[PDB]
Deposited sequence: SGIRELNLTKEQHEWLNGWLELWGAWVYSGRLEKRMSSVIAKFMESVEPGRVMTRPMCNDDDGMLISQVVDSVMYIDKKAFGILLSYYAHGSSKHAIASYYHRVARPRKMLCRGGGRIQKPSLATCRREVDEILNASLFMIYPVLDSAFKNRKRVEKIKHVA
C-alpha cells in the first residue's frame, strides 16, 4: 500500500523538524546507537538554518523512528542523511552510485546508472515513511490522551 498525500505531507514535516533537531545535537547519544554513530560521520561545525521541534516532540519522534528503523540500519542511514544531514536525494543517489561497493545500488540486465540508484533511494525513503507513519500517529495520539489525564 502507500500513504495518502496528506499523510505523507504530515509525516514529512515532522521528520524535517526532527532532522533539524537531531542535526543540532539535541538528541543524547545513548538514546540511539544508529543515530549516534551517524552524527559522528558528518563534518562538524555546521550551523542551524531550518526550523526544529521542541525537545519533547524531538524525543518522541526519535523513539518512534528508532523503534521502527533499527533493524534496517542502511535504510536508517539514508533516512538520516536526507532528513538530518539535509543531503538531497540526488546527492544520496550519486554517492551510492559512485562508491566502491564495500547493499544499495549494486545492479538488472542494464548497467546501474544514476537514474536507477535515484529510484532505489526514493523507494527506500517512501517505504521508511510508510512504516513510520502509523507508529508516530499512535504515539502522538497516545501522548495527548495521557497528557489529559489529571
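Gaps in the model, given as deposited-sequence positions counted from residue 1: Missing from the model are residues 1 to 5, 108 to 109, 115 to 116, 160 to 162.
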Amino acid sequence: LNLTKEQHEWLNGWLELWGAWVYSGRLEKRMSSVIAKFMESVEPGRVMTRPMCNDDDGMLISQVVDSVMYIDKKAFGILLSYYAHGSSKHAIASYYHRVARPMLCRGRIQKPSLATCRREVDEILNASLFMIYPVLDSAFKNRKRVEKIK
From here on, numbers count along this sequence of modelled residues.
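Mean C-alpha temperature factor, higher of 114 to 122 and 45 to 53: Result of the comparison: 45 to 53.
Mean C-alpha B-factor comparison - 87 to 95 and 61 to 69, higher one: Looking at the record's C-alpha B-factors, the answer is 87 to 95.
B-factor third for the C-alpha atom of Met39 within its chain: As the PDB entry reports it, the C-alpha B-factor of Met39 lands in the middle third of its chain.
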